[PDB]
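Participant: Compact mmCIF, C-alpha atoms (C1' of nucleotides), file model09.txt:
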```txt
# COMPACT_ATOMS: atom_id res chain seq x y z
CA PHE A 1 -28.43 -43.54 -8.71
CA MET A 2 -30.77 -42.03 -11.30
CA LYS A 3 -32.27 -39.97 -8.48
CA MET A 4 -28.80 -39.05 -7.20
CA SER A 5 -27.67 -37.90 -10.64
CA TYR A 6 -30.54 -35.52 -11.39
CA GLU A 7 -31.09 -33.08 -8.52
CA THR A 8 -31.08 -32.84 -4.73
CA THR A 9 -28.31 -35.42 -4.94
CA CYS A 10 -27.74 -35.43 -1.19
CA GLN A 11 -31.48 -35.64 -0.45
CA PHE A 12 -31.90 -38.75 -2.60
CA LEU A 13 -28.70 -40.10 -1.09
CA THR A 14 -30.07 -39.57 2.41
CA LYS A 15 -33.39 -41.23 1.64
CA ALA A 16 -31.48 -44.09 0.00
CA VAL A 17 -29.09 -44.72 2.90
CA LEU A 18 -31.88 -44.41 5.46
CA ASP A 19 -33.68 -47.16 3.53
CA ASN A 20 -30.55 -49.34 3.48
CA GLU A 21 -31.38 -49.39 -0.21
CA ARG A 22 -29.77 -51.75 -2.69
CA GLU A 23 -29.18 -50.55 -6.23
CA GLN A 24 -30.08 -53.25 -8.73
CA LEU A 25 -28.03 -51.19 -11.20
CA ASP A 26 -30.65 -51.02 -13.95
CA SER A 27 -30.75 -47.29 -14.68
CA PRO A 28 -28.51 -46.45 -17.66
CA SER A 29 -27.15 -43.48 -15.71
CA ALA A 30 -26.61 -45.63 -12.62
CA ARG A 31 -24.97 -48.29 -14.78
CA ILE A 32 -22.66 -45.64 -16.24
CA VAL A 33 -21.73 -44.62 -12.70
CA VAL A 34 -20.37 -48.14 -12.09
CA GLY A 35 -18.71 -48.54 -15.47
CA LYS A 36 -21.02 -51.26 -16.78
CA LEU A 37 -22.17 -52.11 -20.28
CA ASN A 38 -25.35 -50.10 -20.81
CA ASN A 39 -28.40 -52.37 -20.88
CA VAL A 40 -29.96 -50.59 -23.88
CA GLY A 41 -29.59 -51.64 -27.50
CA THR A 42 -26.51 -53.75 -28.16
CA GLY A 43 -26.26 -54.36 -24.41
CA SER A 44 -29.85 -55.60 -24.25
CA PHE A 45 -28.52 -59.14 -24.71
CA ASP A 46 -25.51 -61.41 -24.27
CA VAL A 47 -23.33 -63.17 -26.82
CA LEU A 48 -21.91 -66.65 -26.19
CA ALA A 49 -19.84 -68.95 -28.38
CA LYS A 50 -20.37 -72.47 -29.68
CA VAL A 51 -17.09 -74.34 -29.35
CA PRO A 52 -16.09 -77.81 -30.57
CA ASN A 53 -15.67 -80.34 -27.78
CA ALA A 54 -13.63 -82.80 -29.87
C1' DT B 1 -60.55 -34.38 23.17
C1' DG B 2 -60.06 -34.84 18.10
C1' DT B 3 -59.55 -32.90 13.29
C1' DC B 4 -59.08 -29.10 10.00
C1' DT B 5 -57.31 -24.42 7.18
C1' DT B 6 -54.42 -20.46 5.66
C1' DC B 7 -49.80 -18.01 5.44
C1' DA B 8 -45.17 -17.19 5.68
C1' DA B 9 -40.44 -19.06 6.04
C1' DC B 10 -37.37 -22.35 3.87
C1' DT B 11 -35.35 -25.52 -0.34
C1' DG B 12 -33.54 -26.07 -4.90
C1' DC B 13 -33.08 -24.71 -9.73
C1' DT B 14 -33.59 -22.68 -14.48
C1' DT B 15 -28.10 -23.60 -21.57
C1' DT B 16 -23.70 -26.17 -23.49
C1' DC B 17 -18.62 -25.88 -24.54
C1' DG B 18 -14.43 -23.74 -25.27
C1' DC B 19 -10.57 -19.60 -25.24
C1' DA B 20 -8.11 -16.34 -22.21
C1' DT B 21 -5.59 -15.60 -18.14
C1' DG B 22 -4.85 -15.28 -14.89
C1' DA B 23 -5.02 -11.56 -11.38
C1' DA B 24 -6.03 -9.91 -6.37
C1' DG B 25 -7.59 -9.06 -1.44
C1' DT B 26 -5.01 -6.62 3.97
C1' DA B 27 -5.41 -5.13 9.06
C1' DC B 28 -1.75 -5.37 12.37
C1' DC B 29 2.70 -5.64 12.38
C1' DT B 30 7.43 -5.54 11.24
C1' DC B 31 12.37 -6.42 10.85
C1' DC B 32 14.93 -5.79 7.25
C1' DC B 33 16.70 -2.72 4.34
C1' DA B 34 18.67 1.49 2.02
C1' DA B 35 20.35 6.18 3.43
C1' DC B 36 22.94 10.65 4.89
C1' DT B 37 25.85 12.11 7.69
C1' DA B 38 28.92 11.95 11.26
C1' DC B 39 31.74 9.67 14.12
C1' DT B 40 35.05 6.29 15.07
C1' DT B 41 39.16 2.86 13.92
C1' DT B 42 44.24 0.98 12.99
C1' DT B 43 48.65 1.77 11.50
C1' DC B 44 51.81 4.80 10.92
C1' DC B 45 54.66 9.09 11.06
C1' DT B 46 57.42 12.76 13.16
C1' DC B 47 59.03 15.88 16.67
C1' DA B 48 60.05 17.20 21.86
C1' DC B 49 62.20 18.48 27.37
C1' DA B 50 65.59 17.97 31.21
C1' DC B 51 69.73 17.48 33.38
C1' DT B 52 74.03 18.23 32.97
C1' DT B 53 78.63 20.55 30.66
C1' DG B 54 82.30 23.84 31.19
```
Could you take the file, read its structure, and then write that structure out as structure tokens?
Facilitator:
Amino acid sequence: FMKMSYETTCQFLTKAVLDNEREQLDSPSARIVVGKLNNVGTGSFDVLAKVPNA
DNA sequence: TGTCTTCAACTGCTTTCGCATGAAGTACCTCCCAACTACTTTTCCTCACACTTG
């Protein structure tokens, strides 16, 4: 997706499809394309909660 | 038989963000339309000739 979103979009698309490529959705641009929390900065980690069991 | 070299044709881009305010193509064709004039249209009106008379 980072290739697609710079230049020769269709050329990078063609080389991607011909590869049967899978996007691991790491590129910040690519991640934006899919509406995903950006992996940089505050999205570099996850937050969980400690909850009482009793 | 096998590998190598230059040139020219082809690909893709080369500031960002907004106002304005959108308009305008047009050949080939025309049927519709507006026109001037004349012609035509529907109801109505009023008189008239012949045979016969005496």
Participant: Given the choices A:29, A:14, A:44, A:9, which gets closest to chain B if the distance is worked out from all atoms listed in the file?
Facilitator: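 For chain B, the nearest of the given residues is A:9.
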Participant: May I ask you to extract the residues of chain A within 12 Å of chain B, using all atoms listed in the file, and to give them as number ranges by chain?
Facilitator: A: 6-11
Participant: Mind giving me the straight-line distance from CA of residue 31 in chain A to CA of residue 5 in chain A in Å, one decimal?
Facilitator: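 According to the coordinates, CA of residue 31 in chain A and CA of residue 5 in chain A are separated by 11.5 Å.
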Participant: Just give me the gap between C1' of residue 10 in chain B and CA of residue 12 in chain A in Å, one decimal is fine.
Facilitator: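 The value is 18.5 Å.
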Participant: Would you mind reading off the distance between CA of residue 13 in chain A and CA of residue 43 in chain A, one decimal, in Å?
Facilitator: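 Interatomic distance here is 27.4 Å.
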